[PDB]
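Colleague: Pasting in a structure now, in structure tokens, and then I'll have a few things to ask.
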Amino acid sequence: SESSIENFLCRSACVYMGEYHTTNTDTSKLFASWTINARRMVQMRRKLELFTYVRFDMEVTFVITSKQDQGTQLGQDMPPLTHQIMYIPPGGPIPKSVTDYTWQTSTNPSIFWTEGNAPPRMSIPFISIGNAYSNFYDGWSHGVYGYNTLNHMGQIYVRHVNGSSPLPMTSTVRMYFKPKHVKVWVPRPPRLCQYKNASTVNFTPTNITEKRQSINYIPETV
Amino acid sequence: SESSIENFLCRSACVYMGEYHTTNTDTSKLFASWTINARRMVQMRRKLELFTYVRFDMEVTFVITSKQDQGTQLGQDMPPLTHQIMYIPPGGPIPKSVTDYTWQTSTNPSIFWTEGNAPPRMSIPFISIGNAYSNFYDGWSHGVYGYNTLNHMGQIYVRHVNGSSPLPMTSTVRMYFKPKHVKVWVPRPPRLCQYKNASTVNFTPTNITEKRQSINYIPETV
Amino acid sequence: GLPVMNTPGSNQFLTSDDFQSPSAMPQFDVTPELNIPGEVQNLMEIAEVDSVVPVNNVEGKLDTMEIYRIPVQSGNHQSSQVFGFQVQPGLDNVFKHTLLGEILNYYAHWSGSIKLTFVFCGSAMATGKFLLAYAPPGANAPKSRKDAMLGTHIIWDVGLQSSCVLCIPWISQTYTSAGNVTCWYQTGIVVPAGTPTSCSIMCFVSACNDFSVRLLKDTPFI
Amino acid sequence: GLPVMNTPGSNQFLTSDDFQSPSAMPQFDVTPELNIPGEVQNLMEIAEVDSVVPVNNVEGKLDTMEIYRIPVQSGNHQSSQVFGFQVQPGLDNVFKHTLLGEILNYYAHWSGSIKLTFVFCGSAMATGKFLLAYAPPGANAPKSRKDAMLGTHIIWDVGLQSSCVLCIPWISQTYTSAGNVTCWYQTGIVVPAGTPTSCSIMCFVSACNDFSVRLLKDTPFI
Amino acid sequence: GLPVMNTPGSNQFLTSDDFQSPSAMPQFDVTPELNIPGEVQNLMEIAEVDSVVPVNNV
């Protein structure tokens, strides 16, 4: 009953930790970004490789902290900061800067939040025109091996909701991920190799198990 | 079921971002102001131009942050700040300064709020002596073309609720807008032109679509 | 009294929430509804209307009415091709800005079936034959009139019918991997004396009853 | 209205909580389920499958197929030992990476009973006898064929049976304090003329119906 | 006990709200009502009375 599929997988984990600033000279360090694939968190990856097709809902909680730079200016009296967290479905537009029009589009679901309150949280349905996600794919996209276009699940963008010419602060986000209502099909043998990259199944040859003294060896009874 | 009218429109967006101070030498930089028309947020504008007459309730949430100026004075121990948010119906008085008597009138609904708490929120009914709002009007006011007097929906004013001779801080407000219980009539073709101003339907002539090589051209099958 | 326990998620502002809200004008009776003709419940009611396709989208004629006319020429040319295109709404420039095309670009995944309609706009004394051929997705475009006859086709005799309707079943999105439609001269156009020389074909596209859309997003047109 | 009292535990994010969550895409109809063969409800369905044991895990043969073959030698050796090991899954290197072993390393406490199966892979003309002996946990390994005969044993005649199955009741975890299994030459292998010399034994391990696991943990393999 | 979840809008003071409030004088019995003539339920009762118009406002 503790070996049920739901108790084995319905558990939370930190999957991404990014940093983003209020003012900078880089314009890519002004927002935080993460493509959502289930092959780049090594926590849940090996537990999912026991199965061939999976189907679940997704629940995401956010933990956000800030600090003021140690550059020059003290004596401030700042109000609490506001943060925007935008989810893009598979097939939506992608921003390029924090001042883009794409932060304001009516079809990207977004969350606004101010510090001191409870941490924010939203839930995602099973978003696939297919009938299950695919942990394994033996074939081509149309041409990249192993990758198909049915495992698109979206992206996450975070920025500050300041006005104009803000004060210099730097923020950090932790994204916590959790699957719900999980169903699996076609079990597979476990991975007896260390993972090399986050896209393929490539590996180096490793031994089957560890050695002992002889085929008759049994350690002494205490 | 995702193409229903309610799922297509009942979604939130930031429509205005203003800034206002506790003490200044301008007296118009001491409060924040926004006339509420549905032709100055480009998010919801193009989605509304598919219809001729609309009818909805309105829900508005506010996100407010503050900071202390970097001018001279540090070592402060300030209490949390209070903010006043006043809605004026169509046909109410309008303030001219923050010290005006019109901030205290019994018929403008107002919200008082202090920082650290949950963000404030109020709801508005369908306020029109007509039976629907008008996205399009072919005629005169009585004389401005395209503008009638049945789409008056009100204004929003925000200031600080300090005492006398306050400390210098500057605040920022984000207004989030969301329509509810939406009903539409008489569909229209979409807008194949970039919007020029926020009052008229003026434009420049653009091409119907994009070109290709010939009338027989089909790209190669992969 | 009544012991109570705050759960996490308290005092956050989530952009997609659906809570009750306090009304700012409770002593207000709204105007009653009026039965205006033309009420819309669903965006599929807009997509299921015919609209004219700009098939002749070649260089030079993109801002004239000549973009909508397919140029049937006179003489004896009884094996040549009249037109051809892939059936890919939302992506291909031919179908991109129609009434069905503009609705499909608010969604990230869609699938259904399409109705095409062809109309011969010549004089009443012209007669001749055309061949309308359909290749499924995956198959190549035909290169002659003979191998188009060996597929799925229909022979359209404009002396007996002014219009011919065509339903296409398997439509979705993700160098095409899509179906296509081509038209071939079977005979050529025969006229009497004292008639105009050239003739034209127009094309209308619409959506059949079953059409599904998912994952509302931002539109990539403004 | 409705007086309410916050209990401690409010506005915390607990990683193991099970609360409702706001959905970010409510206007979205998910793809219906498909009846894929091979659905899994429980991880005991993976542990109750036979898998091949790498018994010959000695130095030199850890990356060849020779690790799986027990080396039966020819001649007259009718008192020597063929093999021996302790029955300790999850800990011992023999059973560590099987299908039952990999599942047991996700749990901290487990207990059940094990089924072993031995298969003689020789030619059809070979005959002989073996003795398979089991000592309970606490008892020492036997040192001769005679004192192995005085315990719990079984005499396996490979000229009449190609396989022999063995169930072991008392299995758990915490210089062994575990049971063990050994195999002894009763007779020796007798062949006719024109046969191969050596022969091999293979071994399969699985779990019986009653098997319990508790306290899900991290796996110590990656 | 009784798991509970705070929604946004908590601990704000909204000027138009209609909540219960704690009374500061619970051990107090108010004076009973007296039937005074001329009770008003509605401001239309004031508008539906004749009043004299200042027409000669030159």
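Each chain of the structure tokens is named A, B, ... in the order shown, its residues numbered from 1; ligands are numbered from 1 in display order.
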Please identify all polymer residues within 10 Å of residue 193 in chain B, counting only C-alpha atoms, omitting same-chain residues fewer than 3 positions from it, and present them as a count of residues only.

Modeller: 12

Colleague: Identify, with DSSP run on backbone atoms, the residues in chain B assigned to alpha helix (DSSP H), and express the list as number ranges by chain.

Modeller: B: 5-9, 42-48

Colleague: For the selection you just gave me, I'd like the residues written to a file as a PDB file, in the first residue's frame, keeping N, CA, C and O atoms.

Modeller:
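Below you can see result-v2.pdb, which holds the result:
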ATOM      1  N   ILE B   5     -17.504  31.859 -24.718  1.00  0.00           N
ATOM      2  CA  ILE B   5     -17.253  33.288 -24.571  1.00  0.00           C
ATOM      3  C   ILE B   5     -16.669  33.601 -23.200  1.00  0.00           C
ATOM      4  O   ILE B   5     -15.761  34.432 -23.073  1.00  0.00           O
ATOM      5  N   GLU B   6     -17.140  32.905 -22.169  1.00  0.00           N
ATOM      6  CA  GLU B   6     -16.667  33.156 -20.817  1.00  0.00           C
ATOM      7  C   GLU B   6     -15.207  32.750 -20.648  1.00  0.00           C
ATOM      8  O   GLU B   6     -14.415  33.495 -20.076  1.00  0.00           O
ATOM      9  N   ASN B   7     -14.816  31.598 -21.187  1.00  0.00           N
ATOM     10  CA  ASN B   7     -13.419  31.191 -21.090  1.00  0.00           C
ATOM     11  C   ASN B   7     -12.505  32.013 -21.975  1.00  0.00           C
ATOM     12  O   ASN B   7     -11.299  32.050 -21.736  1.00  0.00           O
ATOM     13  N   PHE B   8     -13.050  32.667 -22.982  1.00  0.00           N
ATOM     14  CA  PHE B   8     -12.253  33.466 -23.890  1.00  0.00           C
ATOM     15  C   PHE B   8     -11.975  34.859 -23.349  1.00  0.00           C
ATOM     16  O   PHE B   8     -10.966  35.459 -23.716  1.00  0.00           O
ATOM     17  N   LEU B   9     -12.793  35.372 -22.439  1.00  0.00           N
ATOM     18  CA  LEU B   9     -12.632  36.747 -21.986  1.00  0.00           C
ATOM     19  C   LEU B   9     -12.393  36.926 -20.495  1.00  0.00           C
ATOM     20  O   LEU B   9     -11.732  37.893 -20.121  1.00  0.00           O
ATOM     21  N   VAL B  42      -4.156  47.376 -24.828  1.00  0.00           N
ATOM     22  CA  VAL B  42      -4.077  46.670 -26.098  1.00  0.00           C
ATOM     23  C   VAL B  42      -4.199  45.161 -25.914  1.00  0.00           C
ATOM     24  O   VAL B  42      -4.370  44.426 -26.895  1.00  0.00           O
ATOM     25  N   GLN B  43      -4.110  44.681 -24.672  1.00  0.00           N
ATOM     26  CA  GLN B  43      -4.363  43.277 -24.366  1.00  0.00           C
ATOM     27  C   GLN B  43      -5.787  42.891 -24.737  1.00  0.00           C
ATOM     28  O   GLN B  43      -6.020  42.068 -25.630  1.00  0.00           O
ATOM     29  N   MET B  44      -6.750  43.513 -24.083  1.00  0.00           N
ATOM     30  CA  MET B  44      -8.149  43.160 -24.209  1.00  0.00           C
ATOM     31  C   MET B  44      -8.817  43.837 -25.401  1.00  0.00           C
ATOM     32  O   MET B  44      -9.912  43.420 -25.795  1.00  0.00           O
ATOM     33  N   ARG B  45      -8.161  44.829 -26.012  1.00  0.00           N
ATOM     34  CA  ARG B  45      -8.809  45.630 -27.047  1.00  0.00           C
ATOM     35  C   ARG B  45      -9.131  44.804 -28.276  1.00  0.00           C
ATOM     36  O   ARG B  45     -10.290  44.733 -28.685  1.00  0.00           O
ATOM     37  N   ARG B  46      -8.127  44.131 -28.841  1.00  0.00           N
ATOM     38  CA  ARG B  46      -8.326  43.357 -30.059  1.00  0.00           C
ATOM     39  C   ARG B  46      -9.279  42.187 -29.846  1.00  0.00           C
ATOM     40  O   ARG B  46     -10.049  41.848 -30.749  1.00  0.00           O
ATOM     41  N   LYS B  47      -9.304  41.608 -28.648  1.00  0.00           N
ATOM     42  CA  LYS B  47     -10.261  40.544 -28.373  1.00  0.00           C
ATOM     43  C   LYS B  47     -11.684  41.073 -28.277  1.00  0.00           C
ATOM     44  O   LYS B  47     -12.633  40.331 -28.535  1.00  0.00           O
ATOM     45  N   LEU B  48     -11.858  42.340 -27.910  1.00  0.00           N
ATOM     46  CA  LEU B  48     -13.199  42.901 -27.854  1.00  0.00           C
ATOM     47  C   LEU B  48     -13.694  43.384 -29.204  1.00  0.00           C
ATOM     48  O   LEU B  48     -14.904  43.502 -29.395  1.00  0.00           O
TER      49      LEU B  48
END

Colleague: Counting only C-alpha atoms, a student should be able to say which residues of chain E come within 12 Å of chain B; what is the right answer, written as an MDAnalysis selection string?

Modeller: chainID E and resid 6:17

Colleague: Go through A:160, A:148, A:53, A:40 and flag the residue nearest residue 173 in chain A, using only C-alpha atoms for the distances.

Modeller: A:160

Colleague: Could you pull the residues within 9 Å of residue 97 in chain A, counting only C-alpha atoms, minus those fewer than 5 positions along the same chain, as a ChimeraX atom specification?

Modeller: /A:27-28,30-31

Colleague: Name all residues at most 10 Å from residue 139 in chain C (count only C-alpha atoms; drop same-chain ones fewer than 2 positions away) and give them as JSON, numbers by chain.

Modeller: {"B": [221, 222], "C": [134, 135, 136, 137, 141, 142, 177, 178, 179, 180]}

Colleague: Hey, what's within 9 Å of residue 38 in chain C if we count only C-alpha atoms and toss same-chain stuff fewer than 6 positions away? As a list in words, please?

Modeller: residues 184, 185, 186 and 187 of chain B

Colleague: Write the residues of the preceding selection, restricted to C-alpha atoms, as a CSV table (one decimal), in the first residue's frame.

Modeller:
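This is the output file part13.csv:
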chain,number,residue,atom,x,y,z
B,184,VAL,CA,-21.7,39.7,-26.6
B,185,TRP,CA,-23.7,40.5,-29.7
B,186,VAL,CA,-23.1,40.9,-33.5
B,187,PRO,CA,-19.7,39.5,-34.5

Colleague: Which of these, D:84, D:101, D:1, D:151, has the shortest distance to chain E once you count only C-alpha atoms?

Modeller: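 That would be D:1, the residue with the smallest distance to chain E.
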
Colleague: Show me, as a PyMOL selection string, every residue of chain D with an atom at most 8 Å from chain C, counting only C-alpha atoms.

Modeller: chain D and resi 3-14+22-25+27-29

Colleague: Restricting it to C-alpha atoms, dump the selection as a PDB file, in the first residue's frame.

Modeller:
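File produced: again_36.pdb:
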ATOM      1  CA  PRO D   3     -16.157  35.408  12.966  1.00  0.00           C
ATOM      2  CA  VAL D   4     -13.061  33.348  12.294  1.00  0.00           C
ATOM      3  CA  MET D   5      -9.858  32.553  14.157  1.00  0.00           C
ATOM      4  CA  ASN D   6      -6.494  31.705  12.593  1.00  0.00           C
ATOM      5  CA  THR D   7      -4.771  28.692  14.137  1.00  0.00           C
ATOM      6  CA  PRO D   8      -0.994  28.218  14.074  1.00  0.00           C
ATOM      7  CA  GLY D   9       0.206  26.591  10.916  1.00  0.00           C
ATOM      8  CA  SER D  10      -1.265  29.350   8.754  1.00  0.00           C
ATOM      9  CA  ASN D  11       0.579  30.622   5.665  1.00  0.00           C
ATOM     10  CA  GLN D  12       3.280  27.965   5.805  1.00  0.00           C
ATOM     11  CA  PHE D  13       4.339  25.880   2.839  1.00  0.00           C
ATOM     12  CA  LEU D  14       4.576  22.274   3.960  1.00  0.00           C
ATOM     13  CA  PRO D  22      -6.330  26.896  -8.364  1.00  0.00           C
ATOM     14  CA  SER D  23      -6.170  25.723 -11.951  1.00  0.00           C
ATOM     15  CA  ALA D  24      -4.383  27.900 -14.462  1.00  0.00           C
ATOM     16  CA  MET D  25      -6.261  26.625 -17.533  1.00  0.00           C
ATOM     17  CA  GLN D  27     -11.189  26.521 -20.259  1.00  0.00           C
ATOM     18  CA  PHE D  28      -9.418  23.404 -21.455  1.00  0.00           C
ATOM     19  CA  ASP D  29     -10.812  19.946 -22.155  1.00  0.00           C
TER      20      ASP D  29
END

Colleague: As JSON, numbers by chain, list the residues of range 150-200 of chain D assigned to strand (DSSP E) by DSSP on the backbone atoms of this structure.

Modeller: {"D": [152, 153, 154, 155, 156, 157, 163, 164, 165, 166, 167, 168, 169, 170, 171, 172, 180, 181, 182, 183, 184, 185, 199, 200]}
